[PDB]
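Below: the structure, in structure tokens.
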Amino acid sequence: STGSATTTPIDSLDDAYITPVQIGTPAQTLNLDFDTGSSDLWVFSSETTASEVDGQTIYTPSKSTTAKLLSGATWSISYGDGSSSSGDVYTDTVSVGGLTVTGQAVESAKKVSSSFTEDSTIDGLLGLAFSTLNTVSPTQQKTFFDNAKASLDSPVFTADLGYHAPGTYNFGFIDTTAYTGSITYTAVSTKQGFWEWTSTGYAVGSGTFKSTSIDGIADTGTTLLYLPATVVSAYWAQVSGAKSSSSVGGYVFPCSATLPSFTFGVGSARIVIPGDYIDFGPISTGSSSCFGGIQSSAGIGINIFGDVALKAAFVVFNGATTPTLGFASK
């Protein structure tokens with residue numbers, strides 16, 4: 001089998017991407033944030049504290065004839081950005097772009113933190129990291145991809161995120177029309193449960209390429225590109241007027257400035273992030289100070305190849321017995 005779904009930016013900045021997901025019988029369609037940095041499929045629901053729901057579409061398990069309570073099961077998650085949620089668990093039928101899993105753990109939120117409530121466009125998350133990070137207790141549950149894997153034509157999914165535009169998640173096949181050149185595959189460590197890999201280096205604009213190993217994760221659920229402070233300093237030094245602002249919480253720059261591209265290494269291959277991808281607009285409405293899309297990972301404890309980087313590439317998440325990542329230009 002295969003599946004293919006369009007993923008759509010939630011706003012004009014590509015702060016995140018939502019993908020429609022069918023849950024239950026009859027189908028309840030929710031717009032979920034596909035997140036290769038986590039491993040829980042959780043949704044706003046009829047069980048979510050009323051005051052914490054503000055415009056989201058909810059899953060109502062009582063209206064699904066295929067929903068079954070996973071008795072005794074609870075979940076609770078906290079994300080790198082400080083947000084969180086928790087609740088109980090049902091199993092139900094879940095379909096993504098024509099690909100159907102029966103008996104998928106659907107984690108129903110009883111509580112969500114403010115940032116989720118405040119974002120009316122995201123109805124939940126669909127985790128695509130490794131199932132070892134799944135938070136369901138006492139019995140850990142598998143991700144949608146893990147459950148679908150054996151049935152797929154090939155045990156892979158691909159992320160093709162758009163710049164200020166929709167893109168595509170495919171399951172079970174590689175669309176050879178979606179990228180230019182060849183796909184370069186690179187080793188993955190699953191030891192922290194992430195799609196973790198090592199970039200071979202970087203370049204700033206037309207500058208010479210610096211060969212240096214950068215360990216990080218391919219994370220569709222993170223907006224920006226978070227890299228070591230040295231790398232990030234080298235980038236923003238090439239932007240007139242840029243500075244790191246402790247009050248704002250990272251690098252900012254005047255919108256009158258021209259942003260250089262940023263290139264990262266995949267083996268001997270090279271992915272170029274155009275400068276425009278690194279602009280995240282005014283820090284506040286009307287401000288001439290713009291927020292940068294490349295920021296320091298210092299104090300996160302891991303480097304994160306988030307949407308800023310991934311949307312410059314066609315990315316293969318290869319779930320073969322030994323997982324790998326593939327990157328192509330497009």
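One is the number of the first residue shown, and numbering goes on along the chain from there.
Header lists the method as X-ray crystallography, 1.6 Å.
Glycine too: its Cβ is placed from the backbone N, Cα and C atoms.
What Swiss-Prot records for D35, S199 is active site. Annotation source Swiss-Prot lists disulfide bond at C255-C290. Residues or ranges marked as domain 'Peptidase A1' in Swiss-Prot (evidence: sequence analysis): 17-328.
Listed in sequence order, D279, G281, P282, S288, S289, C290 are the same-chain residues six or more apart from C255 (disulfide bond) with CB atoms under 8 A from its CB. Each residue contributes its Cα atom, and for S199 (active site) and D35 (active site) those atoms are 20 Å apart. The number of other Cβ atoms within 10 Å of the Cβ belonging to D35 (active site), over all protein chains shown, comes to 21.
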